[PDB]
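Note that each Cβ is placed from the backbone with ideal geometry, even for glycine, and that neighbours are counted across all protein chains shown. Just so you know, all these numbers are worked out from the coordinates, no wet-lab data involved.
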């Protein structure tokens, strides 16, 4: 199947655009990245920075993930991101999302060889 590194890219990377370009960015992305199939994923964040920059975060500031895992890292620089929050109404596959473009530090879990992001934990 899909490697954890690849899943992270499909669920969280959007390097090809610098930021969201409308309030419908999240409705569009959650659907095309297949995050609404069986259930409207409640929250999801996309990072608008190069893959090289996001991967570099794994050798940046090591912090504990929200579940306590020791392999999370917080980015030193802020990054352009878009937060997607599922609303009320909607029932899969007819999901609806609130789009929020922002610039924040991201926290991701890393692992493997190469040691790369495998989980998006949060933004600060």
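Of the numbered criteria (1) out of contact with any helix residue (DSSP H, G or I) (no Cβ under 6 Å at 6 or more places or on another chain); (2) surrounded by 13 or more Cβ atoms within 10 Å (Cβ to Cβ); (3) farther than 16 Å from residue 120 by Cβ, the one residue 36 fails is (1). Among the residues of the range 40-58, some residue qualifies, meaning at least one is under 14 Å from the mean Cα position of the chain (by Cα), in a strand (DSSP E or B) and surrounded by fewer than 16 Cβ atoms within 10 Å (Cβ to Cβ). With respect to the conditions (1) over 16 Å from residue 28 (Cβ atoms); (2) outside any loop (DSSP other than H, G, I, E, B); (3) under 14 Å from the mean Cα position of the chain (by Cα), residue 100 lacks only one, and its number is (1).
Being assigned to a loop (DSSP other than H, G, I, E, B) and out of contact with any helix residue (DSSP H, G or I) (no Cβ under 8 Å at 6 or more places or on another chain) is the filter; apply it to the range 1-13 and report the residue that is surrounded by the fewest Cβ atoms within 10 Å (Cβ to Cβ).
Once the filter is applied, the top-ranked residue is 1.
Beta carbons closer than 7 Å, at least 6 apart along the sequence or on distinct chains, pair a first residue in the range 58-76 that is touching a residue at least 40 places away in the same chain (Cβ under 8 Å) with a second that is exposed (fewer than 12 other Cβ atoms within 10 Å of the Cβ) for 74/124. The sole residue among 108, 63 that is in contact with a helix residue (DSSP H, G or I) (Cβ under 8 Å, 6 or more places away or on another chain) and surrounded by 12 or more Cβ atoms within 10 Å (Cβ to Cβ) is 108. Screening residue 122 against (1) closer than 16 Å to residue 7 by Cα; (2) within 14 Å of the chain's Cα centre (by Cα); (3) touching a residue at least 40 places away in the same chain (Cβ under 8 Å) leaves a single unmet condition, (1). Among the residues of the range 115-124, the ones that are closer than 10 Å to residue 58 by Cα and not in a strand (DSSP E or B) come to 1 in all. Looking across the range 14-26 at every residue that is surrounded by fewer than 19 Cβ atoms within 10 Å (Cβ to Cβ) and in contact (Cβ under 8 Å) with a residue 12 or more places away in the chain, the one that is farthest from residue 103 (Cα to Cα) is identified as 24.
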